[PDB]
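Residue-level structure breakdown
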Amino acid sequence: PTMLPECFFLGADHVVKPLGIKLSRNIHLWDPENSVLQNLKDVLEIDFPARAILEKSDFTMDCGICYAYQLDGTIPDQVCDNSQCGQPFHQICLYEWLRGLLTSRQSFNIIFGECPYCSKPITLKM
Amino acid sequence: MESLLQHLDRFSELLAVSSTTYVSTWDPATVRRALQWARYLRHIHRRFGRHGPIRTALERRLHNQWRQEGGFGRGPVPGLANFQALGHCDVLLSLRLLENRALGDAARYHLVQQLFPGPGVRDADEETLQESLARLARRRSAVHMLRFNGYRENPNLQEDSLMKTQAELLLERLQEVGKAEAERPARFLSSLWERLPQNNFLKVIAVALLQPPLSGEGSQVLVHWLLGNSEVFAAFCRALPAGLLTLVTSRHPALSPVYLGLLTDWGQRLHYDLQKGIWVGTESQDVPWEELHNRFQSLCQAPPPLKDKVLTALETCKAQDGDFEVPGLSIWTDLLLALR
Amino acid sequence: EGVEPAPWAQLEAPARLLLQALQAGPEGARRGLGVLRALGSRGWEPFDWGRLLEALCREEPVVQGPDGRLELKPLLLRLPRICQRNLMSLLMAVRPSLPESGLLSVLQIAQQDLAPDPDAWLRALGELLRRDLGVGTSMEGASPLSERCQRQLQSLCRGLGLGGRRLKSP
Amino acid sequence: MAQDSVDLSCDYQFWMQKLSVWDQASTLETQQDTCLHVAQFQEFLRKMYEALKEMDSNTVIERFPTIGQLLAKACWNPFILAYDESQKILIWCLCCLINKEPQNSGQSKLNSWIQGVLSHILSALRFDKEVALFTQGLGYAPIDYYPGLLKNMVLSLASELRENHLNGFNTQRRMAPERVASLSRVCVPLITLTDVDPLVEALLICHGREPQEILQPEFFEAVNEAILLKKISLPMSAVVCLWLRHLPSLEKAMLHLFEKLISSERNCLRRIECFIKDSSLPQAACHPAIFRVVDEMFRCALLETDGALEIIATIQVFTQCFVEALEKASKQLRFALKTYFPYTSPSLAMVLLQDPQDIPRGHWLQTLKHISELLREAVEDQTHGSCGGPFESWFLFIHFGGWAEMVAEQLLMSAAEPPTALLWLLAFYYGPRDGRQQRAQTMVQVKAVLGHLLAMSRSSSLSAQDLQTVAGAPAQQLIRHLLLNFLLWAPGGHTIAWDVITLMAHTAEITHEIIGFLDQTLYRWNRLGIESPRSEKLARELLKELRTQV
Ligand SMILES: [Zn+2]
Ligand SMILES: [Zn+2]
């Protein structure tokens, strides 16, 4: 456990690179004897946010089907009418889901069927 | 500019008479002449066929000539249709002469020699005779293969590709007449109707109306012809399915009010029998109870703007015939109860 | 009449959803990861793999080959090919957090031992997984590849001057 | 000048009584057999056409007897006409047969019969009559709409299949798998015809929920052919799912990679990177299972040829393409690297991933120092809960070029007490399964050779014989390519290069080995942006001249 892990980052390209090279250059400084945090702070040469916002960490805005943002420019706008799920979804992903679902039924253009995560009535208007 | 005119008219003369089985005089010289003419003309198709006044002038010559010959009487010759049809001018005539069995010995041998000297001239920049013809027969065999080995006849005819193809053929064929204004589209539609299989014709038009435009003036000219012409509309409503006509009507609300009267005519000229709990036709060729019920059920399954047309055309047609509320009396109440 | 329910249609919601996720083409693989991320995030962190494996293994009937012949299959082969392969791929990666008892029988299926027209993919995959378990060397010609592949590979390995590197210890 | 009929005249009757088998293939099995036997028959046609074109018609009778029936069978068989140039060769064949001036009426009959079958192929509705007469009345030709017609036919079905795919347990029309299987055989003959691509794409994508395959792999591999031959130009997701459902295609394509690095383009690494990135192999390899497959294939390749340099070069090119394809399109939820590399610990991998271009040239020493330290901790202290043993960590170490090759060139730059780290490291590289007894032997061997070569570089540009003297095995290739590093690196070279080279130029095998080494090093320098133009042009001229000697 004290060993180096397998690790990397996600976010913005410009913020990613420099810490990447800090790591690339301080990696040989790994000491599996002190805290791994002790190794990390001085290899990446930084100190860290101790719950910088404990509350709003990330109300994630990914598809929930493809777990993506910006699907062909589209935002996962379509959500659940539920307090416990609230999960955003993409138009096309949630379509191709509820279409293949047997329980679904088609109106003229609007369709109803179960939210993937919580199985509550969700409506999609093309 | 005018050099193109005399180049083209002589070419089209030679084109039309290619098929003609007077072919005895011909020789490879005439062959080469026709071919190099066609090569120059497809060269012109490539060169500056694109948007310009010369393009438009030549298209005017095309439609002028085609409505001069008419496509009736002296000849319903297909001929090279238009600008894009020029792009393979040689090819069409090559096909004509194969079937012209007045095709003699020497010009024929020299012809096939020209076409297919082998891959001896395999290196050429232009996609030439051999490549074009190869891809042609390739596609033709492909077409038949699909038709027989996976093709299915779609219940939704508009979705069906053949009707969809013919639809866009005809829309192509009418945008040109609308741009030309040589004769009216009505003169063309009439002659068409009379000459060709009307049963297929109706279905073709049905699918034709619903193609979203691409440049929808052809859709308008159709309804302007067809709300004028009811005898077509008579067999039209007779021959087709229900939901087809339903969506056709929602597309062109002009057809809603007429179409209610069509059925309403058939609706009133039936008679109940208490041997069998049904209205029935006096005449053989009258629409059956269920035949009409299907159509009205499709219309029930239509958009709300078109829903309430028929919904009230029924109540009015009932009450004028006595506003009864029980079977045996009103065809319309029989309906209105069956619809729930 | 010409409709069926899902063969998973009778199950725990998470796992059934997971299957409906792995159904979805190649990318369904990574969607598998996203599911588990979402659920370790969700109120039910403990995802009972043990439960899942039982349902995979459990047998049910089919009538295939001619019209007049029954046979049995577990869930795992009757479900659609793409979900199988995606599933196998996920299993490789979550191999730490799985129980051997169920895994073994799953691999007995994975062998497709005496399966005419077998699933080459599943076979190779089971082989590899057993290898990753440190038990699938098998003391066989235990190649996930075909002997055909290895044959025509050796056929051209012959056409190169080998190095003196002692790789075998004969 | 030997057979003159018989290798062709036997296959004549073979293919003849095979046409009688197939006969328009209005079945499943006629179709299937015809599909596999098409192209062989096509080459038969090439030889036949040559045999006819060279000679005249209407005089010879060699196999002219059954020829009309033969060709008529072929013609009415439309899958014949669907393959690439089969039709065109039939054209040319019939052109060989024509007589300009039929004299006996049999010649006229032949020619008329020919014209007839030609019109049957070219100006014949093999099709519905209503749509035919519709356009006949409209005053059109087949030609002017068959393309868009065809297109519409294709598109309807392409959409349809997407519908069927989306219907994942719906009550609706489950499209006939029989029609699907029909299409599977219909596509392949005319796979090259450009109007078809979306259909095929849709066939490969719209997988549906069968537990068993329903297409014929003849289609899978006839597709694989045109992909790897680059006649098709498809998207990427299509070919990945193809690779991912039909295994012999993957296998046969990975084979087709080796075909290049052995047969044609030995040690032109830019052709190799070109081929890799041309295909979506690293993109596909982003998927784990495919990666494990190709890893096993290369492992077998590596243990047949015990250390083939060309193969290792290929590996590292592929690994680079794969790493970048991974970094590109796996932002959220990418697989933990011990997925692809399970047997090893992940820590060592995590270090290996770092590019040399990231780091300045000086610290690469410290990098390799910690690396070799960790490899020692792995293989010497080979405890359970790790790699199985030496070979596995060694194979891991292969894939990361640069970190592999930099040991020598750095050791040339650090012959001032070359640290035991690099010695053990390169010893482990050039030798696995050595044991420390062997590794210490080779350590002091190469360190004594360094005591030689250090002073030899400090001296003038000496002979090639003071070098060949320290040669005179278990350390021959090691010491050889070490000397080759020393040559270009030391500016004392460029004078005695050909001397040393022609000395060690025993064979063509060692020649090819070193040629690969040189292409490798130049490729490395150009990619790294690390160059001495002296050594660049020098190795260029040498490799160039040696590409003549072979
Ligand atoms: Zn999405
Ligand atoms: Zn929900």
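Residues numbered from 1 in each chain as written, not as in the entry; some residues may be left out. Chains lettered and ligands numbered in written order. Part of a larger assembly, values for the part shown. Heavy atoms only, no water.

Its PDB record attributes the structure to cryo-EM, giving the resolution as 4.4 Å.

In the annotation of the PDB entry, chain D is listed under the name Fanconi anemia group C protein and assigned to Homo sapiens. For this structure, the PDB entry title reads "Structure of the human Fanconi Anaemia Core-UBE2T-ID complex". In its Function section, the UniProt record describing chain D reads: "DNA repair protein that may operate in a postreplication repair or a cell cycle checkpoint function. May be implicated in interstrand DNA cross-link repair and in the maintenance of normal chromosome stability. Upon IFNG induction, may facilitate STAT1 activation by recruiting STAT1 to IFNGR1." (UniProt positions renumbered as here; feature names shortened; annotations may be inferred.)

Looking up chain C in the PDB entry gives the name Fanconi anemia group E protein, with the organism given as Homo sapiens.

Here we come to the pairing of strand β2 (residues 278-281) of chain B. Residues and elements named next belong to chain B. Across 4 bridges, the pairing between strand β1 (residues 270-273) and β2 is antiparallel. Bridge assignment links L270 to a residue of β2, and that residue is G281. Hairpin connection of β1 to β2: 4 residues between the antiparallel strands. (Pairing = 2+ DSSP bridges. Helix = DSSP H or I, 4+ residues; strand = E, 2+ residues; numbered from the N terminus.)

The next subject is the packing of helix α8 (residues 161-180) of chain B against helix α8 (residues 146-166) of chain D. Where α8 of chain B meets α8 of chain D, the axes come as close as 9 Å, and the angle between the chain directions of the two elements is 140°. Viewed along their axes, α8 of chain B and α8 of chain D adopt a mutual orientation that is oblique. Crossing angle aside, the handedness with which α8 of chain B passes α8 of chain D is right-handed. Here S161, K164 and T165 of chain B of α8 of chain B come into contact with α8 of chain D, specifically with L149, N152, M153 and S156 of chain D. Residues belonging to the contact of α8 of chain B with α8 of chain D are distributed by class as follows: 2 nonpolar, 4 polar and 1 charged. (Axes fitted to C-alpha atoms, helices over the stretch in contact; angles between N-to-C directions. Parallel < 35°, antiparallel > 145°, perpendicular 65-115°, else oblique. Left-handed = near helix turned anticlockwise from the far one by under 90°. Contact = heavy atoms within 4.5 Å. Nonpolar A, V, L, I, M, F, W, Y, C, P; charged D, E, K, R; others polar.)

Now for the coordination of the zinc ion (ligand 2). Residue and element names in this part refer to chain A. Around the zinc ion (ligand 2), the protein supplies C80 (SG), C85 (SG), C115 (SG) and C118 (SG) as donor atoms, at distances of 2.3 to 2.4 Å. Bound by 4 donor atoms, the zinc ion (ligand 2) shows angles of 98 to 127° at the metal and therefore tetrahedral coordination geometry. Coordination of the zinc ion (ligand 2) draws on donor residues from a single chain, spaced C-x4-C-x29-C-x2-C in sequence. Here the residue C80 occupies a position in the loop between α2 (36-43) and α3 (91-100), and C118 occupies one in the loop between β2 (110-114) and β3 (121-125), the gap between them amounting to 38 residues. Residue classification places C80 among the buried positions, given a relative accessible area of 7%. (Donors = N, O, S within 2.8 Å, 3.2 Å for Na, K, Ca; no water. Tetrahedral: all angles 85-135°; square planar, octahedral: opposite > 155°, others 65-115°. Buried < 20%, exposed > 50% of the residue type's maximum accessible area, 1.4 Å probe, protein only.)

Time to look at helix α2 (residues 29-53) of chain D. An α-helix turns once every 3.6 residues. As a result, residues three or four positions apart point the same way. For α2 of chain D, built from 25 residues, the straight-helix expectation of 36 Å at 1.5 Å per residue is met to within 8% by its first-to-last C-alpha distance of 34 Å. By the largest-angle criterion, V38 of chain D marks the main kink of α2 of chain D, which is about 45°. (Expected span 1.5 Å × (residues − 1). Bend = angle between axes of the 7 residues up to and from the residue.)

Looking now at the interface of chain D and chain B. Each side of the interface is counted separately: chain D has 60 residues, and chain B has 58 residues. Seen at the junction of chain D and chain B, the total is 4 salt bridges. Note that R147 of chain B is salt-bridged to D128 of chain D, the shortest N-O span being 3.9 Å. Inspection of the chain D/chain B interface yields 24 residue pairs in polar contact. With 9 residues, α8 of chain D is the single largest residue contributor to the side of chain D that touches chain B. Class assignment of the residues belonging to the side of chain D that touches chain B gives a composition of 35 nonpolar, 14 polar and 11 charged. (Salt bridge = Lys/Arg side-chain N within 4 Å of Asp/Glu carboxyl O. Polar contact = N/O pair within 3.5 Å; in protein donor to acceptor, adjacent residues only side chain to side chain.)

Taken together, the 5 pairs of chains in contact show their highest number of contacts between chains B and D. You won't find any contact between chain B and chain C; their C-alpha atoms come no closer than 18 Å.

The next point concerns the coordination of the zinc ion (ligand 1). All names here are of chain A. Protein coordination of the zinc ion (ligand 1) is provided by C63 (SG), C66 (SG), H90 (ND1) and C93 (SG), with donor distances spanning 2.2 to 2.4 Å. Seen from the zinc ion (ligand 1), its 4 donor atoms lie at angles of 70 to 130°, and the figure they make is irregular. Each donor residue of the zinc ion (ligand 1) lies on the same chain, and together they follow the pattern C-x2-C-x23-H-x2-C. Pair check on accessibility: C63 and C66 agree, each one buried.

Okay, the side chain of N224 of chain D next. Residues and elements named next belong to chain D. Assignment of secondary structure puts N224 in helix α11 (residues 217-228). Looking at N224, the relative accessible area reads 1%, which means it is buried. Setting aside anything within four residues of it in sequence, one finds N224 in contact with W243, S249, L250, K252 and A253.

All names here are of chain A. Ordered in space as β1-β2-β3, the 3 strands form an open sheet in which the pairing is antiparallel. Edge positions in the open sheet fall to β1 (105-106) and β3, since each of these has one partner strand only. In the sheet, β2 pairs with β3 via 5 bridges, with the strands oriented antiparallel. Opposite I111, over in β3, you have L124 as the bridge partner. Across the face of the sheet, α3 comes into contact with β1, β2 and β3 while running at roughly 120° to β3.

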